[PDB]
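**Q** sequence first, structure after, both from an experimental entry:
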Amino acid sequence: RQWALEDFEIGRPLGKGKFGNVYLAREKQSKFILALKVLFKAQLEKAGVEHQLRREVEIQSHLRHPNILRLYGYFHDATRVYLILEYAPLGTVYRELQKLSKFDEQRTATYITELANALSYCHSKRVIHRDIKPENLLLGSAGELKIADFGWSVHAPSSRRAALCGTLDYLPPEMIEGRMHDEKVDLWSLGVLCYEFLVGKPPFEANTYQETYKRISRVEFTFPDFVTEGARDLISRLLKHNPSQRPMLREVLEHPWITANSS
Ligand SMILES: Cc1cc(Nc2nccn3c(-c4cn[nH]c4)cnc23)sn1
């Protein structure tokens, strides 16, 4: 279980990050292709995220699902921290969306069930991702969804407001205004994503932070003409200010529009 930088051959930079980037890497002894999250120790302390990184490692290493990016192990040196994660061959859902502008009802529903199934596993172990966004969703060889970047992930109903600033597009009312958040946070993020996948943009996307804050707090979104009644229904049920009004993940999986359009 003991790793070092010299045991790997570094390749193409897969994606850009905040505290460090993701690179393609091969383990010399096995020829195993994987992803390396190189995070600089200096930037971690100068923001106070060292504990959240340990929470990320603690969570992701014990989680085992075909729609959750596996964390094989970790190591560090006199400068950086390294996360040995699985490599998603088909890239991010973010690029997939940028390329296609918007997705069809089939693709949206398939991604929704896949995400829900992975969240159903997460919530059965009482683990909340909180940062469910296309930037954190990846794609395997089969084109299957894969949840990554468990940085803001927490256990039990917590008050540890971590995302704070940055884009709030996917954070529910509870998270944006302190109030203790639970599993329902991901159910909100699910609707944000279902909307975004069909429309090409998030339901509350504004020009400023304070602008988006209003739209999230008042839950003010408007569907375009090309949005189906079935799609509109699922999104309306998911995007409710009150958490107890949002449905259980099984109801999402059961939903007519989901079953009629999924795979
Ligand atoms: C063709 C292609 C494949 C890509 N693969 C990946 N891109 C970005 C991030 N990736 C991770 C990852 C995310 N969080 N922790 C690790 C794993 N595989 C990737 S990109 N273009």
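**A** Arrived safely, thanks for sending. Numbers count the residues shown, from 1 in each chain.
**Q** ok, now which ones touch the closest residue to the ligand within the stretch 101-250 of the chain?
**A** Proximity of the stretch 101-250 of the chain to the ligand (C-beta to the nearest ligand atom) peaks at residue 148, 3.5 Å away. The C-beta positions use only the backbone N, C-alpha and C, and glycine is treated the same way. The contact partners of residue 148, by C-beta atoms under 8 Å, 6 or more residues apart in numbering, come to 69, 85, 88, 136-138.
**Q** same thing but 6 Å
**A** Counting by C-beta atoms under 6 Å, 6 or more residues apart in numbering, residue 148 touches 69, 136, 138.
**Q** and the host helix or strand of residue 175, what does it pack onto?
**A** Here residue 175 sits within helix 173-176, counting by DSSP states H and E. Contact partners of helix 173-176 among helices and strands, from 3 or more C-beta pairs under 6 Å, 6 or more residues apart in numbering; DSSP states H and E: none.
**Q** gap between it and the chain center?
**A** 17 Å (C-alpha atoms, centre = their mean, to the nearest Å).
**Q** for the closest residue to residue 39 other than its chain neighbours, what are its contacts?
**A** Spatial nearest neighbour of residue 39, chain neighbours left out: residue 20 (3.9 Å); criterion: C-beta to C-beta, 6 or more residues apart in numbering. Residues in contact with residue 20, defined by C-beta under 6 Å, 6+ apart, are 38-40.
**Q** then residue 24?
**A** 11-12, 14 are the contacts of residue 24 under C-beta under 6 Å, 6+ apart.
**Q** hang on, the earlier thing: ok, the residue of the stretch 101-250 of the chain closest to the ligand to residue 194 distance?
**A** 19 Å (C-beta to C-beta, to the nearest Å).
**Q** ditto for residue 170
**A** Using C-beta to C-beta, residue 170 is found at 12 Å from residue 194.
**Q** tell me which stretches of this structure form helices.
**A** Using DSSP state H, the helices of the chain run over 41-45, 50-62, 93-100, 105-124, 173-176, 184-199, 209-217, 229-238, 249-254, 256-261.
**Q** from those, which stretch is densest packed?
**A** helix 184-199 (a mean of 24; mean count of other C-beta atoms under 10 Å).
**Q** quick one, that helix and helix 93-100 angle?
**A** Helix 184-199 runs at 20 degrees relative to helix 93-100, counting by axes from the mean of the first three to the mean of the last three C-alpha atoms, to 10 degrees.
**Q** from the ligand, how far out is residue 55?
**A** Using C-beta to the nearest ligand atom, to the nearest Å, one obtains 15 Å as the distance from residue 55 to the ligand.
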